[PDB]
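Peer 1: need a structure here:
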Amino acid sequence: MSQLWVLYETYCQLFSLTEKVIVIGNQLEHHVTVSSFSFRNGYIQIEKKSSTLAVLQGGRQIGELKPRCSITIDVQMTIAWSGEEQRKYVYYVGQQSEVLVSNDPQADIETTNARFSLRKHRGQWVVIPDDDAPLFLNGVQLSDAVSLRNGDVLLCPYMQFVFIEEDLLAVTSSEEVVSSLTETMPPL
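Peer 2: Numbers count the residues shown, from 1 in each chain. Find the structure here:
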(Lines give C-alpha, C1' and ligand atoms only; values in the text may rest on other atoms or scores of the structure.)
Protein backbone atom coordinates (compact mmCIF):
# COMPACT_ATOMS: atom_id res chain seq x y z
CA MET A 1 0.00 0.00 0.00
CA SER A 2 0.86 3.65 -0.52
CA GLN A 3 -1.17 5.69 1.88
CA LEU A 4 -1.57 9.30 2.84
CA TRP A 5 -2.67 10.45 6.13
CA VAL A 6 -4.69 13.57 6.31
CA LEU A 7 -4.70 15.10 9.77
CA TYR A 8 -6.81 18.11 10.78
CA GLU A 9 -8.73 19.19 13.93
CA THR A 10 -9.10 15.91 15.95
CA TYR A 11 -9.37 13.58 12.89
CA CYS A 12 -7.03 11.52 10.80
CA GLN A 13 -8.23 10.14 7.42
CA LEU A 14 -6.17 7.49 5.63
CA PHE A 15 -6.36 7.36 1.83
CA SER A 16 -4.83 4.75 -0.51
CA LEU A 17 -2.91 5.79 -3.65
CA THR A 18 -3.72 2.65 -5.80
CA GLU A 19 -5.04 7.18 -9.53
CA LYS A 20 -2.27 9.74 -10.48
CA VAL A 21 -3.34 13.31 -9.42
CA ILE A 22 -5.62 13.49 -6.37
CA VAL A 23 -7.28 16.37 -4.65
CA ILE A 24 -8.12 17.13 -1.09
CA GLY A 25 -10.89 19.59 -0.80
CA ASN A 26 -14.39 20.17 0.71
CA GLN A 27 -16.72 18.66 -1.93
CA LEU A 28 -17.98 15.05 -1.83
CA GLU A 29 -16.50 14.46 -5.34
CA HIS A 30 -12.89 15.04 -4.21
CA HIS A 31 -10.66 12.18 -3.35
CA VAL A 32 -10.39 13.24 0.31
CA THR A 33 -13.29 15.42 1.66
CA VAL A 34 -12.60 17.83 4.54
CA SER A 35 -15.92 19.69 4.75
CA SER A 36 -15.09 21.82 7.75
CA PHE A 37 -12.36 23.76 5.76
CA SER A 38 -12.81 26.65 3.17
CA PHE A 39 -9.82 26.00 0.88
CA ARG A 40 -9.81 29.71 -0.02
CA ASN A 41 -6.12 29.36 -0.94
CA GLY A 42 -6.92 26.42 -3.31
CA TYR A 43 -7.68 22.78 -2.86
CA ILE A 44 -4.66 20.58 -2.21
CA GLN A 45 -3.35 18.62 -5.09
CA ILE A 46 -1.13 15.63 -4.61
CA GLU A 47 0.43 14.08 -7.70
CA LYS A 48 2.85 11.15 -8.16
CA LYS A 49 6.16 11.72 -9.99
CA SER A 50 7.67 8.35 -11.15
CA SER A 51 9.70 8.13 -5.91
CA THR A 52 8.06 11.33 -4.52
CA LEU A 53 4.71 13.17 -4.30
CA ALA A 54 4.36 16.69 -5.53
CA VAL A 55 2.22 18.83 -3.27
CA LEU A 56 0.55 21.81 -4.87
CA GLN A 57 -1.95 24.19 -3.24
CA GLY A 58 -3.07 26.57 -6.01
CA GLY A 59 -1.72 24.52 -8.86
CA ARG A 60 1.59 25.74 -7.51
CA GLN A 61 4.05 23.56 -5.67
CA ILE A 62 4.53 24.06 -1.93
CA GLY A 63 6.49 20.84 -1.31
CA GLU A 64 7.41 17.34 -2.21
CA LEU A 65 6.89 14.42 0.03
CA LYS A 66 9.33 11.57 0.22
CA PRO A 67 8.45 8.31 1.84
CA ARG A 68 7.71 8.63 5.58
CA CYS A 69 7.72 12.44 5.42
CA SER A 70 4.91 14.92 6.07
CA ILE A 71 3.95 18.46 5.39
CA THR A 72 1.96 20.97 7.36
CA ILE A 73 -0.08 23.55 5.52
CA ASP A 74 -2.26 26.59 6.28
CA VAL A 75 -5.95 26.56 5.12
CA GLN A 76 -3.99 23.96 9.78
CA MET A 77 -3.67 20.45 8.19
CA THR A 78 -0.88 17.81 8.01
CA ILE A 79 -0.35 15.35 5.11
CA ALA A 80 2.03 12.52 5.51
CA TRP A 81 3.05 9.82 3.11
CA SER A 82 4.05 6.25 3.91
CA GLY A 83 6.02 5.69 0.75
CA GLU A 84 5.35 3.01 -1.77
CA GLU A 85 5.86 -0.02 0.55
CA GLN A 86 4.48 -1.25 3.85
CA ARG A 87 4.81 -4.43 5.92
CA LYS A 88 2.68 -6.44 8.33
CA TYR A 89 3.71 -8.21 11.49
CA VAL A 90 1.38 -10.30 13.60
CA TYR A 91 2.08 -10.95 17.22
CA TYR A 92 0.62 -13.51 19.56
CA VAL A 93 -0.26 -11.77 22.83
CA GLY A 94 -2.55 -14.36 24.47
CA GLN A 95 -0.13 -14.61 27.38
CA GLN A 96 0.16 -10.83 27.86
CA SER A 97 -1.98 -8.55 30.02
CA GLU A 98 -0.09 -5.34 28.92
CA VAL A 99 1.59 -4.02 25.69
CA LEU A 100 3.61 -0.78 25.83
CA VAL A 101 4.17 1.11 22.66
CA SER A 102 6.74 3.90 22.99
CA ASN A 103 10.36 4.79 22.57
CA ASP A 104 11.37 3.52 25.96
CA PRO A 105 14.07 0.78 26.07
CA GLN A 106 11.63 -1.65 27.69
CA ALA A 107 8.77 -1.10 25.17
CA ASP A 108 7.08 -4.23 23.84
CA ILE A 109 6.86 -2.41 20.48
CA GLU A 110 9.56 0.21 19.87
CA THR A 111 8.73 3.34 17.91
CA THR A 112 9.36 7.06 17.84
CA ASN A 113 5.89 7.37 16.14
CA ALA A 114 3.43 6.61 18.97
CA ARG A 115 3.21 6.34 22.67
CA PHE A 116 0.37 4.46 24.34
CA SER A 117 -0.31 1.30 26.27
CA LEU A 118 -2.68 -1.61 25.72
CA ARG A 119 -4.14 -3.43 28.72
CA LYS A 120 -6.15 -6.51 29.01
CA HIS A 121 -9.03 -6.64 31.48
CA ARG A 122 -11.45 -9.62 31.68
CA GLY A 123 -10.70 -10.61 28.09
CA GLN A 124 -10.98 -7.04 26.73
CA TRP A 125 -8.16 -4.82 25.53
CA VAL A 126 -8.16 -1.19 26.63
CA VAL A 127 -6.12 1.51 24.90
CA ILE A 128 -4.64 4.16 27.25
CA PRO A 129 -3.12 7.02 25.28
CA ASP A 130 -0.48 9.47 26.42
CA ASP A 131 -1.04 13.21 26.64
CA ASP A 132 1.91 13.99 24.34
CA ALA A 133 1.53 11.49 21.33
CA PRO A 134 -1.59 11.98 19.09
CA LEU A 135 -3.41 8.67 18.49
CA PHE A 136 -6.59 7.94 16.47
CA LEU A 137 -9.31 5.29 16.99
CA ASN A 138 -11.19 4.80 13.78
CA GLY A 139 -10.07 8.29 12.61
CA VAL A 140 -10.89 10.20 15.82
CA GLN A 141 -8.32 11.45 18.33
CA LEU A 142 -8.48 9.71 21.71
CA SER A 143 -8.68 11.93 24.78
CA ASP A 144 -8.94 9.13 27.38
CA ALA A 145 -8.78 5.33 27.79
CA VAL A 146 -11.21 3.31 25.61
CA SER A 147 -12.14 -0.37 25.57
CA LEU A 148 -11.57 -1.85 22.13
CA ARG A 149 -13.67 -4.21 19.96
CA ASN A 150 -12.24 -6.43 17.10
CA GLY A 151 -11.47 -4.35 14.00
CA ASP A 152 -11.24 -1.12 15.85
CA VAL A 153 -8.19 0.47 14.09
CA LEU A 154 -5.59 2.46 15.95
CA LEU A 155 -3.64 4.93 13.77
CA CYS A 156 -0.80 7.34 14.22
CA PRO A 157 1.41 8.79 11.37
CA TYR A 158 2.92 5.89 9.50
CA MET A 159 1.55 2.95 11.59
CA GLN A 160 -1.64 0.85 12.18
CA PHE A 161 -2.56 -1.54 14.99
CA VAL A 162 -5.50 -3.98 14.68
CA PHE A 163 -6.51 -6.81 16.99
CA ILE A 164 -7.47 -9.57 14.58
CA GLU A 165 -8.55 -11.60 17.62
CA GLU A 166 -8.23 -11.12 21.35
CA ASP A 167 -4.93 -12.98 21.19
CA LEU A 168 -3.47 -11.53 17.90
CA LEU A 169 -2.23 -8.02 17.19
CA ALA A 170 -1.34 -6.89 13.70
CA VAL A 171 0.91 -3.95 13.21
CA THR A 172 1.47 -2.31 9.79
CA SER A 173 4.28 0.09 9.25
CA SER A 174 6.45 1.63 6.62
CA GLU A 175 9.52 0.62 8.70
CA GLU A 176 10.55 -2.68 10.24
CA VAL A 177 8.92 -2.90 13.67
CA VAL A 178 11.07 -3.69 16.68
CA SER A 179 9.32 -5.90 19.16
CA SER A 180 9.96 -8.19 22.08
CA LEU A 181 6.59 -9.91 21.36
CA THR A 182 6.00 -13.40 19.87
CA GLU A 183 5.81 -13.32 16.09
CA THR A 184 3.19 -15.79 14.74
CA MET A 185 4.53 -15.38 11.18
CA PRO A 186 7.39 -14.18 9.05
CA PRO A 187 6.62 -10.46 8.36
CA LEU A 188 4.49 -9.60 5.25
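Peer 1: now do the residue lying farthest from the centre of the chain against residue 53, distance only.
Peer 2: Ranking residues of the chain by C-alpha distance from their mean position (CA atoms, centre = their mean) puts residue 122 at the top, at 28.0 Å. Going from residue 122 to residue 53 by CB to CB, to the nearest Å gives 45 Å. All C-beta spots, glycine's among them, are computed from the backbone N, C-alpha and C.
Peer 1: just the helices from this structure, written as ranges.
Peer 2: For the chain, no helices turn up when DSSP state H is the criterion.
Peer 1: domain assignment for it?
Peer 2: Residue ranges for the domains of the chain, per curated CATH domains: 2-84, 85-186.
Peer 1: does residue 72 really touch residue 78, like I thought?
Peer 2: Yes - judged on CB atoms under 8 Å, residue 72 makes contact with residue 78 at a distance of 4.8 Å.
Peer 1: higher neighbour count, the two?
Peer 2: The residue with more neighbours, out of residue 72 and residue 78, is residue 78; 15 against 11, by other CB atoms under 10 Å.
Peer 1: how much space between that one and residue 187?
Peer 2: 28 Å.
Peer 1: for residue 80, same thing?
Peer 2: 22 Å.
Peer 1: the two: which is more packed in?
Peer 2: residue 80 (20 against 12).
Peer 1: once you drop chain neighbours, what's closest to the more buried one?
Peer 2: Once flanking residues are discounted, residue 80 sits nearest to residue 70: 3.5 Å by CB to CB, 6 or more residues apart in numbering.
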